[PDB]
Each structure stands twice: as structure tokens, then as C-alpha cells.
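Q: Could you work out the structure for the sequence below:
(4 chains)
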Amino acid sequence: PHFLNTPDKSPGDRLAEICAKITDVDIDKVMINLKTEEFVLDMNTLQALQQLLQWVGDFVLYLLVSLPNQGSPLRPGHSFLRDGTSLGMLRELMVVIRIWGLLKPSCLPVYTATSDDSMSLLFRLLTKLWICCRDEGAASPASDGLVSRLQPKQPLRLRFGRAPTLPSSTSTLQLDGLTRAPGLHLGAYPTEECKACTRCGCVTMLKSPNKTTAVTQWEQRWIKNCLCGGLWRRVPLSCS
Amino acid sequence: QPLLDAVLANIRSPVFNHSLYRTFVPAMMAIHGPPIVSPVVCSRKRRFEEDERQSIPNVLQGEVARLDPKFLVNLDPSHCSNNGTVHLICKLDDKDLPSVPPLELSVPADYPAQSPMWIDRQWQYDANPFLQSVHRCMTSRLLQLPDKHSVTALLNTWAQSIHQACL
Amino acid sequence: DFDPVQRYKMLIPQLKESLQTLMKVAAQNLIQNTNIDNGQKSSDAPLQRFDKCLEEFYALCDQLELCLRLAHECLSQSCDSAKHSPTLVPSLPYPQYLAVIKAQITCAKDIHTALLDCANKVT
Amino acid sequence: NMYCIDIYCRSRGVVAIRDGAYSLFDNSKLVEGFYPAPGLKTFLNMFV
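A: Numbers count the residues shown, from 1 in each chain, chains lettered A, B, ... in the order given. Dropping the coordinates below:
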């Protein structure tokens, strides 16, 4: 909904939705195919770089490196990548952040090295599996070889926001009345918390003030319950 | 020479100590690969229950455990439980001649004082002339004791005065 | 033909200056990252890779360490040779020296076997 | 002092091997030192 576009013949929502029906590869061509002007909304756009850009980049890169992990200790391995619609949303995100980088130089780097940007081949292989994952289609072997090898731009250690388990149906429960024994989305996951770190349902545990300037959309969005995040806890800042 | 990192750490005022994560940990985990530098489980309860709750401050306990077996300390009427913590009712049961048990009520373990108080002395000492001389000698010795202590110093001085002033 | 002392002497200033340069570029990357994240974008300039810096630093460190270790090994070899053999080489007859070395090895092996049989008899 | 390798064990039995003359980016440059390209070490180890 960040489309604060000038009045046009149609709305930005339906236009970004129909952007899915686009060319095969080279998103640098898709951007000129649809539009490139009416996307800027603020000069102080430096909000998703330190928080979201690295996040979405790590997510898509893990989605890449997951392909050679077909023989994983799981029938679906780590994930499916059989929807395409979500991948279409990811493509909309990557093209709009390409426009952002064209406008605001605080774009999303490759996070390791050798940007020679580098998201081009990434988007290319995403679309290559897209034609294999749009609708009523099976997964391809050339894309396997294309994704198997890795460049000097492939980090690791992704968050994987999830909740700790509680499988005490009739089996086992290692707890008492007190003394929990120890064993994030907008980043802010250091080694030991040094802020409010408002605990939440599953993974958030985000800081209460967040030291924000204009990213108030997220904070004002997560004041109430969250997805598997109604369990807003007050876990103390027992840093160790 | 590289004070630049020092002034940068000085600059690091904002609470978001997570940018340095993305700044440093990629290359660190790349060139150094100990993802588990301590896979040993660490889950211990710091404070469950730890208290004596059944005796006096054990400082005086460890002190009185060292004294000679010729000193027999007992328990007086309950007026030195926790704060005063000491009712030095002692008997010099040994080969030497016996005498009147001392009082020697010291103070909290901080020790801004000593034991000798001598409450029951008023009639225990003036009645017997020899015991009166013993009391005189013990007072003269205690006054010459710079900052006497809880059990050792007081009882030692008392015994030596009792067995020196025989004459 | 470079010498271990010479290679050490020429590597130490390169190591120091590489340390200085990598620390400077690390500070530059840190202040740029903070300005882009904490404050507003002011450092409108591309930084460096920052990985090659400490990578080549560790490379030169490993090189220095292994060459100094080789020099130490050479000195230890010379010391043990002078202790276990007299300084004589083309003066001493080479076949006689080879036979003496073989006899020394056989004698050491015999002493080791004797101590091993002793330990076994202790068992 | 030539053709460095680097093996290291981290998991219960997992010991990874790499060529120490690449600097995490082979297409860019080299380590200005020990000679790279030890050869087909990958298949040599994959033998077992």
C-alpha cells in the first residue's frame, strides 16, 4: 500500500498484481515494461535497508541454496517452493527495491562480496523455477545445475522465526513453578539483549521503543497480537 | 595508532547494537567456522534455596571450633540469637582451679567492639577476696589489650589472668 | 634466493602497513554503516570489500609463522646434528658417515625395543 | 611452503576441506602468496 502514486488510469494495487504476467527474465526489462516513475514516496527511504532489505535478501538466498538440498532428512526438506504466488510477491518486492536502489542508493547489497547488480541471475533462476511453479506445472534439471554452484555472495545464519515447542501431551515436561532454565524480525537480535526487548508470542522479542524515526508502521502494526504472536510475554533482560 | 575504532565505539550511542552484527559476523563465520564453539548444555538454577536458618552466624562457630577443649561454652537465656549473636557462658574445666563463668557478650560480626560486659560480676567478684584480685588482674589485662576479639583474645586473657593471679 | 631473516625483515613492515590499512578501512565501513543505519545517508561513496583486507592479513600472518617455524626447525636440526655427530663433511668419509648413522639408528631401535620389552614385562 | 590446504572438523564427524589460496572469492584475485590450484582434490577425497 506504499503506492502514493500520481492519479493514473488505474490503481497501483491491481497494476502491481498484474505485474506477475510479465516477461521471462531480466527484471531490468520488466521495470521498463510496466513503469519506473511513480514509485518514489519519501527521500528518507532508508528504513528497510537495515531492517527489511537484508531480511528479504537472506530469505530469497536461502530459498536459492535450498534447491540442492533435495535429499534432506525430511520429505519436503526445509521448505516447498511449490506455490509461485508468494514467489510472485517476492518478485514484486525485488523489482520495487530495484527501483528504490535506482532512486535511493541505500539498496540491498549481496551481503558478502562481488556484486558483479548480482540480483539479476537470482531473479532469473527464480523466474526459471516460476515457469515451473506458476500453475499446473512440475519442477524441473537445468535450474538444478544453475543453482548448485555458489558465488562469493552467499551468507547463512537466517532467523527462521518460529516458536519454542511444548509437546507435553502425556510424554515429558521439564519445568517447575518458576526458574525457567535457558538452553526477531526487524533484526535487533544481538548475542545478549541490552534494551527493553518486549517478548512476544513466537519469535519477535522486539524492543519496545525500537529507536525508530519513521518506521512507525511496523510498531503501530504489532501493538496488538501477532501471528502466533498473541503470547506477548515479559521475559526479563537476564542477559548472559 | 588505530584510534579510529575507539572513536567509532564512542559514537556507538544508539540502542540498535545489531548493525555491527550484519557488519562483522558474515566474514567472521566465513573465515572462522566454529558455529558451535560450546555445544555443551548450560542450564542451571542460580538460586533455589540456600540458608542456614537454624543457628547463629557461623563466623563465631568457626572461631569457637578452634579454641582449646579446656573451654566449655554453653547457651544462656535467649537474648543473643542473631544480632548480638553471642552469650559466652564458658567454664574452664581443666586441671587448673575453677572459677566463675564469664559473660563476654560481643556484638554483631562486624566487630566494632569486643565481648567483655561483666553483668553478673557485681556480686560474683566482690564477695571473694581472691576472686576480687582475679577480677582486678583481668581488668588490668583487658585494658592493655588493644582491640581484643570475639572468643580467642577474651577467653585467652581471662584464663591467663585467672591462672597467673593465683600467687 | 631469499633468506628467512631477509623474508622476515621484508614481511614485517608489509604486515604492519596492511594492519593499518585494514583497520582504517574497517573504521570507514563501520562509520558508513552507522551513518546509513543510525542517522541519515551522508557517506555517498562506495566502501571497500573489507574481506580481502583481513583475509590477506591472515595469509601473510600464516606465511610469516610457517617460515619462522621452518627457520626454527633448521636451527634445531643443526643443533641435533652437531650434538649427535661431529662437524665433518666434504672432513669425513661419506660411506663411513652413512654406516655410522645406520649403526646409530640401529642402536636407538635396540634401546627402544629393550625398553618396550621392559614395559611389557612390567605388564 | 606451497599449495596450502585447510581441513577442519566441526560436527560429530564432519571435517570440511578447502583450498587456502582462494580468499572466499576465486574469480576476483588470489592471496598474493602460496600457489593456488592444488588440483582435483574434490574427487580425490570423494573417492572415500
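
Q: how much space between the residue in chain D that chain A sits nearest to and residue A:86?
A: For chain D and chain A, the shortest gap (Cβ to the nearest Cβ) falls at residue D:25, measuring 3.7 Å. All C-beta spots, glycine's among them, are computed from the backbone N, C-alpha and C. In this structure, residue D:25 and residue A:86 are separated by 32 Å, where distance is defined by Cβ to Cβ, to the nearest Å.

Q: likewise residue B:86?
A: Distance of residue B:86 to residue A:86, computed by Cβ to Cβ: 77 Å.

Q: And for residue A:73?
A: Distance of residue A:73 to residue A:86, computed by Cβ to Cβ: 24 Å.

Q: of the two, who's got more company?
A: residue A:86 (13 against 7; other Cβ atoms under 10 Å in any protein chain shown).

Q: list the contacts for that one?
A: By Cβ atoms under 8 Å, 6 or more residues apart in numbering or on different chains, the contact list for residue A:86 is empty.

Q: check which helix or strand covers it.
A: Using DSSP states H and E, residue A:86 maps to helix A:85-103.

Q: Okay, buried residues for that helix please.
A: Residues of helix A:85-103 classed as buried under the neighbour-count rule (16 or more other Cβ atoms under 10 Å in any protein chain shown) are A:87-88, A:90-91, A:93-101, A:103.

Q: What's the local residue count around the closest residue to the residue of chain D closest to chain A other than its chain neighbours?
A: On the basis of Cβ to Cβ, 6 or more residues apart in numbering or on different chains, the spatially nearest residue to residue D:25 that is not a chain neighbour turns out to be residue A:152, at 3.7 Å. Burial of residue A:152 is recorded as 20 neighbouring residues (other Cβ under 10 Å).

Q: center of chain D, which residue is that?
A: Using Cα atoms, centre = their mean, the residue of chain D that lies closest to the mean C-alpha position is residue D:19, 1.6 Å off.

Q: Show the backbone phi and psi for the closest residue to chain D within chain B.
A: Using Cβ to the nearest Cβ, residue B:30 is the residue of chain B that sits closest to chain D, at 5.5 Å. Here the main-chain torsion angles of residue B:30 (degrees, to the nearest 10) amount to phi -70, psi -60.

Q: Hmm, residue A:111 and it touching each other?
A: No: checked against Cβ atoms under 8 Å, the pair residue B:30 and residue A:111 is beyond contact range at 11.0 Å.

Q: what's the overlap in contacts for these two?
A: Between them, residue B:30 and residue A:111 share these contacting residues under Cβ under 8 Å, 6+ apart: residue A:155.

Q: got the contact list for residue 55?
A: I went with chain A, as the question did not name one. A:159, A:185-187.

Q: My question was about chain C, not that one.
A: When the contact criterion is Cβ under 8 Å, 6+ apart, the partners of residue C:55 are B:31, D:23-24, D:31.

Q: Spatially central residue in chain A, please.
A: For chain A, by Cα atoms, centre = their mean, the most central residue is residue A:56; offset 3.1 Å.

Q: meant to ask about chain B, not that
A: Computing the C-alpha centroid of chain B and ranking residues by Cα atoms, centre = their mean puts residue B:59 first, at 3.9 Å.

Q: what about that residue, distance to residue B:150?
A: Between residue B:59 and residue B:150 the distance, using Cβ to Cβ, works out to 8 Å.

Q: same deal with residue B:4?
A: In this view, residue B:4 and residue B:150 are 59 Å apart by Cβ to Cβ.

Q: State the three-state secondary structure for the residue of chain D closest to chain A.
A: Residue D:25 falls in the coil class when you classify it by DSSP: H, G, I helix; E, B strand; the rest coil.

Q: how about the strands in chain A?
A: Along chain A, counting by DSSP state E, no stretch forms strands.

Q: Residues of it that sit close to chain C?
A: Within chain A, the positions lying close to chain C (Cβ under 8 Å from any Cβ of the partner chain) are A:44, A:46, A:49-50, A:104-106, A:112-113.

Q: Just send these back as CSV, with distance to chain D and neighbour count too.
A: Supplementary listing: the residues of chain A next to chain C in CSV, determined by distance: Cβ to the nearest Cβ, whole Å; neighbours: other Cβ atoms under 10 Å in any protein chain shown:
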residue, distance to chain D, neighbour count
A:44, 34, 10
A:46, 28, 23
A:49, 23, 21
A:50, 24, 23
A:104, 27, 19
A:105, 23, 14
A:106, 24, 19
A:112, 8, 21
A:113, 5, 24
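
Q: Out of those, list just those in helices.
A: With helices identified by DSSP state H, none of the entries of the residues of chain A next to chain C belong to them.

Q: and the helix holding residue A:86, how far from the chain's centre?
A: Here the centre of mass of C-alpha atoms in helix A:85-103, compared against the chain's by Cα atoms, centre = their mean, to the nearest Å, lies 11 Å away.

Q: ditto for stretch B:151-160
A: With Cα atoms, centre = their mean as the basis, stretch B:151-160 stands 18 Å off its chain's centre.

Q: cool, and stretch C:75-92?
A: Its chain's average C-alpha position is 24 Å from that of stretch C:75-92, according to Cα atoms, centre = their mean.

Q: any idea whether residue D:18 is helix, strand or coil?
A: At residue D:18 the chain is in strand, as set by three-state DSSP.

Q: And for it, nearest residue in space, chain neighbours not counted?
A: For residue D:18, ignoring the flanking residues on the chain, the nearest one in space by Cβ to Cβ, 6+ apart is residue D:6 at 5.1 Å.

Q: show me the residues around that neighbour that make contact.
A: If you count contacts by Cβ under 8 Å, 6+ apart, residue D:6 has them with D:17-20.

Q: For the residue of chain B positioned farthest from its centre, which residues are in contact?
A: Residue distances from the centre of chain B (Cα atoms, centre = their mean) peak at residue B:30, which lies 54.0 Å from the mean C-alpha position. Neighbouring residues of residue B:30 by Cβ under 8 Å, 6+ apart: A:112, A:155, C:51, D:24.

Q: Looks to me like residue C:58 is in a helix.
A: Yes: read with three-state DSSP, residue C:58 is one of the residues of a helix.

Q: ok, now how distant is the closest residue to it other than its chain neighbours from residue C:62?
A: Computed as Cβ to Cβ, 6+ apart, the closest residue to residue C:58 that is not its neighbour in sequence is residue B:31, at 7.0 Å. With distances defined as Cβ to Cβ, the gap from residue B:31 to residue C:62 amounts to 12 Å.

Q: Neighbour count for the two, which is higher?
A: Taking residue B:31 and residue C:62 together and counting by other Cβ under 10 Å, residue C:62 has the greater number of neighbours (16 against 13).

Q: So for the host helix or strand of that one, what gets flagged as buried?
A: Assigning secondary structure by DSSP H and E places residue C:62 in helix C:51-84. Buried residues in helix C:51-84, counting neighbours by 16+ other Cβ under 10 Å, are found at C:51-57, C:59-60, C:62-64, C:67.
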